[PDB]
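Shown next, in structure tokens, is the structure this report addresses.
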Amino acid sequence: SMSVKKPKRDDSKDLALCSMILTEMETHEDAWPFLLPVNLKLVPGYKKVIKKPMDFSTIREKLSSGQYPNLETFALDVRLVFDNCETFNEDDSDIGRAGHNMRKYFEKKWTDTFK
């Protein structure tokens, strides 16, 4: 509360470390469904159904331009990518499986780096 603070957690490396995680996600072999924004002209249903589209290139540009105020807003956008993927894609599809694999991969790197 006012004039009463928990001890200061060192956040000075968060930007670098989120960039490293994002590089690892970008280079994963199963990243191909997520590298670029879904083409809203060419994919029926996407625009209407997926209220907040997100992809790795969009996260990379937000990261690079100071649009994440803290590491939690970064994790929220990463998870959005996988939540969108589960909304639109069957579990038993190449894309559906890619999204589960990547979410697992991310969540381990997240825990190992920050928790």
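Residues in the sequence shown are numbered from 1143 upward in steps of one, following my numbering.
Cβ coordinates follow ideal geometry from the N, Cα and C atoms, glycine included.
{"Check": "Assign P1211 to one of three DSSP states: helix, strand, or coil.", "Outcome": "coil"}
{"Check": "Compute the Euclidean distance between the alpha carbons of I1192 and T1215, then round it to the nearest angstrom.", "Outcome": "19 Å"}
{"Check": "One question on the structure: do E1168 and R1202 come within less than 9 Å of each other, judged by their Cβ atoms?", "Outcome": "yes"}
{"Check": "Hey, how far is the Cα of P1149 from the Cα of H1242?", "Outcome": "36 Å"}
{"Check": "Report the residue from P1211, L1177, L1159, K1251 whose alpha carbon sits nearest the alpha carbon of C1227.", "Outcome": "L1177"}
{"Check": "With DSSP as the reference, label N1231 as helix, strand or coil.", "Outcome": "coil"}
{"Check": "If you compare alpha carbons, which of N1212, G1187, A1217, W1252 is closest to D1197?", "Outcome": "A1217"}
{"Check": "In angstroms with no decimal places, state the Cα-to-Cα distance between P1179 and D1152.", "Outcome": "33 Å"}
{"Check": "Going by the CB atoms, is the gap between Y1188 and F1230 shorter than 9 Å?", "Outcome": "yes"}
{"Check": "Give me the Cα-Cα distance between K1204 and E1249, rounded to the nearest whole angstrom.", "Outcome": "20 Å"}
{"Check": "Following the continuous alpha helix (DSSP H) through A1158, name the residue where it begins and the one where it ends.", "Outcome": "1156 to 1168"}
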